[PDB]
Amino acid sequence: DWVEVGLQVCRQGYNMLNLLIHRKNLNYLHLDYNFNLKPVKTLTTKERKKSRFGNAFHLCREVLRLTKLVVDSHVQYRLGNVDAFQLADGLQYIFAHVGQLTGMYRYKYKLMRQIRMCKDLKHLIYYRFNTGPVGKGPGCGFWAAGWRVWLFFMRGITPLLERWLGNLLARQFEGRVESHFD
Amino acid sequence: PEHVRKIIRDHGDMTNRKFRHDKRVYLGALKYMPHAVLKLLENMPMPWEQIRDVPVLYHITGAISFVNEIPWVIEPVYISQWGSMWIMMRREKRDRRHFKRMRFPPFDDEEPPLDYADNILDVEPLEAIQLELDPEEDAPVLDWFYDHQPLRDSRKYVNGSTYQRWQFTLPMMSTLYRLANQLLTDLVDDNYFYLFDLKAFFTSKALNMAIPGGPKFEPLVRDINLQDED
Amino acid sequence: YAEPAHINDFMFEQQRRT
Amino acid sequence: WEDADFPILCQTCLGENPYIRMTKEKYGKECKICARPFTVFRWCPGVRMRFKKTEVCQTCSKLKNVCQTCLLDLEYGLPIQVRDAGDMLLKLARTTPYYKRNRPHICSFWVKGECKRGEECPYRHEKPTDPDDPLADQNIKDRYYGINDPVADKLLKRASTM
Amino acid sequence: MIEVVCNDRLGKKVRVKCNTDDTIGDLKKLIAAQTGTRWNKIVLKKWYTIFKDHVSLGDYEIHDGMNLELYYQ
Amino acid sequence: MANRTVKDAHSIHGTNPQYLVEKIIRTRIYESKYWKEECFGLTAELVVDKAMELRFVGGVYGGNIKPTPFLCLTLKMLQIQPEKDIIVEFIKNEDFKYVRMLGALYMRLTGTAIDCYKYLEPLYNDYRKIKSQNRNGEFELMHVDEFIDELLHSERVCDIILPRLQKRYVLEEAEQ
Amino acid sequence: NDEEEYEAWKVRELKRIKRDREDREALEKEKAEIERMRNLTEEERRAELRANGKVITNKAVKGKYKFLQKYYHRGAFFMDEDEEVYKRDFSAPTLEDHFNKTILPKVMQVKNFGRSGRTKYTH
Amino acid sequence: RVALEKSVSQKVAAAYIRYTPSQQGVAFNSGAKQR
Amino acid sequence: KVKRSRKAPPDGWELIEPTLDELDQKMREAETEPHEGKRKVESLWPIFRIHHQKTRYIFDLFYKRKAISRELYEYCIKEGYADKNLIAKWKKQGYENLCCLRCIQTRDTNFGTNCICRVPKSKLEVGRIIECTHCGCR
Amino acid sequence: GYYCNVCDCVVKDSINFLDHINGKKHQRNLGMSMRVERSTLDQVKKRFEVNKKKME
RNA sequence: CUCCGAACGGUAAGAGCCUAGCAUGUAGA
RNA sequence: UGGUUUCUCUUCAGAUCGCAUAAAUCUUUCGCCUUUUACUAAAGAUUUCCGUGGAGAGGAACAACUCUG
RNA sequence: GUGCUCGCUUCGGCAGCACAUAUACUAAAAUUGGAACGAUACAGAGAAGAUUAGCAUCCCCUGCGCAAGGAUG
Ligand SMILES: O=P(O)(O)O[C@H]1[C@H](OP(=O)(O)O)[C@H](OP(=O)(O)O)[C@H](OP(=O)(O)O)[C@@H](OP(=O)(O)O)[C@H]1OP(=O)(O)O
């Protein structure tokens, strides 16, 4: 099933970040279940200089955080609220909050060109959905417009991240004028 | 079968359950992650139906799960599937006004996934977005327009069983156009002709003169704009 | 001194084990 | 870097059969003879054998002229400390080698008593060696280099007994 | 209304607009609404000065733009 | 000293038995005054001695995360990982009201789904009271049936998250 | 207070039995609310009976940005608790929106050497 | 072209037999003429 | 367990209802077994052993006893009661008591051959109590 | 500061003074960290009976 | 009118003592 | 004349191969600029990825139902 | 193990024929050796400089680098 396939990747995606920090030999941070980074001891004397990652580790955490919210929305469908607006309004906000609240800006800024594209598709649907007696109530937001932009975001990052985070996973086992004319 | 549920069960053991000499390959083979994350978002459960199966090309250590199926629903069948799902959501707000939305983080940041609960729960609401099609006008689209497995592997008036070029009939697409008419704006090829045709925006970009409403004021191609002589 | 042969691996492994 | 095509091993470690099977893993296993990856050539010596592989490097074993697995010698069989001492290699040699060079490892569950594998246990459920003797206290460079070689020490001492 | 920017480490940096007379318990509810954690498990800190749960923002003189180092308990 | 009190005995449902509470709560509880005086030595008989002396039911309190001895004895029991008979002995013993509450936290965290509903169901009939440390450090009165119903409620216990395999309705269709 | 404790334990267990009975009845009431709303749209009244209002958990009280105030979003992470801290109508000048930004000569969006976006939002 | 394609495939990836035992084959496991 | 079709299965399914339920409850209890005791791949051995008995029950009811209908046979293979590839390998005369479908794969072995599961004891060696690590048994 | 008896040292912290006694080089064969669980029915139930008898 | 930014350029510098989450899976007799 | 399918591997794709559409690089341009990367989009051509099209090769399912002629 | 022999020939079985031919860095292991710039106590960046500068002719760490930065002979 897809829900079992979704929880298999999210358990494997979190198991990457636990082993990558354990291979980093920094046993004071703790990656959360929501694919965030949460320090424990709150120590910042000189350990903050070794905890600052690059633009590939945080982008790898941001993709798996958006991938879990698509997976856990169907997990809440199986148990909690269902059959009316679980996959509809849940993936509405998953298209909305990915540019608004969830997600990450620090990796790339060309994602904001797709955020403002996905936000423009929100105003495209709403004024063609609230034309009748709907009016102003928050409603469906069906996962076809906002799903299309972020599926193409991972379609461009999948050739990218193998070159971005390809060298990051490789360093753990390989080990890293006019005077010329005169 | 159920072989993947056992292999992923041994995750963080003390070098005695898939952790002795396999932990180095477990973090290295999983470095091909976003290709798997692309195939999760490509094989969506298509919320006009309920949860359906999908193939999986996993790894023996359990560091990957590749959903190796490409979604190939038929283009008229895909339009009325979202067309009937659009009407039932639009009719949902006109009947129900409560907005019982969900908390957008479904769980706290301390919970394991625990996929054995959702594996066999014997509870799955199939009545989600499936519109009640009456057997008077929707007779040729009764069973074909309700699931994703006959949407690509119908094998009745055979359409290339592994999602190939599909052939339909004349009343099959005629009942299709009735459901798609609620979400369509096709009248003629002359509404968007003079100020919204795709060839008309090339004159809007090359001459650097915006159409009142069409483009978003793209800048000029060259540098000399105006004021060559007073 | 290496000296390869173009014999079949199936009949060679069956005859030596017998 | 460090490549190879065929293992320079002894006839004792090659197996007690004319037909064998090799498995080549290019640039792996971290050969400690030269701290460089070599072609790890695994094979099966026979029925109820150890099924070991290559441990030393390719170019590092060429100057010593020893086996790839046993790492004793090329023709006689004495260690490198006994070969560099001295024909002396004619009398210290011994044909028809023992099966202990190709014997598998011992079962740790049998030494602990809880040997739950049973008769299908691939390890040897026998008594281990005596740790008081220096023959079970060698090292990596202690067997390759002639310095601190307990096997070469008893080979020169037992040669003059009668 | 001050715009306190709860800028923690590792990318978690959000803006939280709160009233001047608003208590710190109302600020953690607004900080959790932009970060995505439980508001009871958030401990704000400024060089080992763990803030309380009952003191208003007007008592700490936290003006507009006064950023805070967020931590999780 | 702090990894695991058993070398290889058993395992938790999804991870190590020591990594069952949150990592932010486990790091602060590992450096504590009540923990450092107890983690130097703790046996099966010694676990019954320290649990009977303490009368408190709560988790962290104060600005810094100061763990209660109820959560400190819960982590020392999870690191020791006793047998199921010793955990059933601590739940059925009426020698102290906090002793049965200490066994219930180890039952709902590491026990099976069928064993959790079977053991916590006789605990719902207890009408005794207990003292609970609040968030501000003050004590609050909580009934024994109020704490037992909170363990069968949603996952909101003091530094505890472990859902069952199903609910009470889904388990009723399969078994009693 | 042994007799008073047995009364309160019977009071909590009766409410717990009422909570478990209403939990299974919540699945029946969800199908009953779907059956009542379907008959209400079908043959109850043609736009003559609504019997409801505009019940939304968090309030939609908003205002207006003066000239260039930032789009401050409340954050879509907790929308079901309906706490009093959310309904505050976040349209206040926080740090730099207190100016009128019309007396200023041509435009001042961000003077921090990072103006990638070139927009004023009139087109 | 085949030799350059083998070097290009080796660059893009990174970025039976019978040996006659003439060393010590006299009597130990005799009869091994090809090995 | 959910049938995942909701399409009114025909007659004969009630005749094979408690038999397939006992095999499904055995595999679910084997899937909930901990990783203790098994060495490295011995925990996957009852997963294939319960799967081998589940495929043998449907194949004997269809080919050997021939009591189940073909409409209930196609509904059982679609719902997941037995693998279609496991019934296809048993149709050939060369393999009728194969251990697992992973042992019949030619590309699985490093030497490029079959396993010890697909080998008779009379053609094998004398002293051998070996078991297939990938398949599970002989 | 503190004063270690068996370790023969002097620490300043409270947990470090306990860790220098148990968990050091001198504490190898003096009560090491490898503990042992007791009997679930014999030693465990007798400790619950001895705690009830000493209290009452 | 609603276009919402992230990191580096940043906490030093040292003396004596104290305790930890880590890793390899060998040939040999 | 005689085979509906399905999975593996070998070429060219100048057809909206894609009735829809991502990222990176190179050569020129603008805006900020304060060290740099993350930046804004106008032009052109080079890869990677999401995919696909005819035509020979090898397995499985009724290939036999007898399809066109 | 599966199917068959105008086999012995009973139909209890036996013998032969045809297919199936070498998985397993082998264990639930044995040990082997230790690393926070992390807390605590001690003193607290000098309250003071006369060569005037760069370019190319050997390596670790931060970083994803065909940007970049510290140390270098
Ligand atoms: O951020 P905006 O682009 O402005 O969109 C606003 C809301 O976004 P959020 O505040 O982030 O939730 C959105 O709710 P959502 O679907 O995203 O959940 C809708 O409000 P509602 O809930 O449906 O009523 C919008 O339209 P209205 O329906 O007319 O209000 C509203 O626009 P407005 O602010 O100009 O009115």
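See the structure printed just above.
The following paragraphs examine the structure supplied in this document. (Residues numbered from 1 in each chain as written, not as in the entry; some residues may be left out. Chains lettered and ligands numbered in written order. Part of a larger assembly, values for the part shown. Heavy atoms only, no water. Residues with missing side-chain atoms left out of burial classes, pairs and counts.)

1. A few points about the overall build of chain G
- Helix and strand counts for chain G stand at one helix and zero strands.
- For 123 residues, the compact-globule estimate of 2.2 N^0.38 gives 14 Å, and the C-alpha radius of gyration of chain G, at 27 Å, exceeds that figure by more than 25%.
- Dimensions of chain G, computed from C-alpha atoms along their principal axes, come out at roughly 80 × 55 × 25 Å. (Helix = DSSP H or I, 4+ residues; strand = E, 2+ residues; numbered from the N terminus. Rg over C-alpha atoms; globule rule 2.2 N^0.38 Å.)

2. Looking at the packing of helix α6 (residues 146-164) of chain A against helix α3 (residues 33-42) of chain B
- In the contact formed by α6(A) and α3(B), the axes pass within 9 Å of each other and the chain directions differ by 160 degrees. Compared by their axis directions, α6(A) and α3(B) come out roughly antiparallel. The element α6(A) and its partner α3(B) pack so that their crossing is left-handed. The segment α6(A) lies against α3(B), with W147(A), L151(A), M154(A), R155(A), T158(A) and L161(A) engaging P34(B), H35(B), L38(B), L41(B) and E42(B). (Axes fitted to C-alpha atoms, helices over the stretch in contact; angles between N-to-C directions. Parallel < 35°, antiparallel > 145°, perpendicular 65-115°, else oblique. Left-handed = near helix turned anticlockwise from the far one by under 90°. Contact = heavy atoms within 4.5 Å.)

3. Re the interface of chain A and chain B
- Across the contact, 55 residues belong to chain A and 45 residues belong to chain B.
- Breaking the side of chain A that touches chain B down by element, the ones donating at least two residues are α1 (2-24), α3 (57-79), α4 (86-100), α5 (111-129) and α6 of chain A.
- The element that contributes the greatest number of residues to the side of chain A that touches chain B is α1(A), accounting for 11 residues.
- Among the residues making up the side of chain A that touches chain B, the classes are represented as 30 nonpolar, 17 polar and eight charged. (Nonpolar A, V, L, I, M, F, W, Y, C, P; charged D, E, K, R; others polar.)

4. With respect to the pairing of strand β2 (residues 36-43) of chain D
Residues and elements named next belong to chain D.
- Of the pairings in the sheet, the one linking strand β1 (residues 22-31) to β2 comprises six bridges and is antiparallel in character. Looking at the pairing, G28 lines up with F38 of β2.
- Hairpin connection between β1 and β2: a loop of four residues separates the two successive antiparallel strands, and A35 in this loop has a positive phi of roughly 55 degrees. (Pairing = 2+ DSSP bridges.)

5. Comments concerning the packing of aromatic side chains
- Seen in terms of ring centroids, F142(A) and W82(B) are 5.7 Å apart; in terms of plane orientation they differ by 45 degrees. Their pairing is tilted. Residue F142(A) is located in the loop between α5 and α6, and its partner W82(B) is located in helix α4 (residues 75-95); the two belong to separate chains.
- With centroids separated by 5.6 Å and ring planes inclined at 70 degrees, the aromatic side chains of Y72(G) and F90(G) adopt a geometry described as edge-to-face. Of this pair, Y72(G) sits in the segment after α1 (2-43) while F90(G) sits in the segment after α1, and the two are 18 residues apart along the sequence.
- Taken together, the aromatic side chains of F142(A), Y78(B) and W82(B) make up a single cluster linked through ring pairs. (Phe/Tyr/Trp six-rings, centres within 6.5 Å; stacked < 30°, edge-to-face > 60°.)

6. A short note on the environment of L7(A)
- Along the polypeptide, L7(A) turns up in helix α1.
- Spatially, the C-alpha atom of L7(A) lies 8.1 Å from that of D72(A), the residues being 65 residues apart in sequence.
- Filtering out sequence-adjacent residues up to four positions away, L7(A) remains in contact with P113(B) and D115(B).

7. What about the environment of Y71(E)?
- By the secondary structure assignment, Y71(E) is in strand β4 (residues 69-72).
- Considered as a pair, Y71(E) and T49(E) are 22 residues apart in the sequence and their alpha carbons are 12 Å apart.
- Sequence-distant contacts of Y71(E), defined by excluding residues within four places in its chain, comprise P39(A), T42(A), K41(E), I42(E), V43(E) and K45(E).

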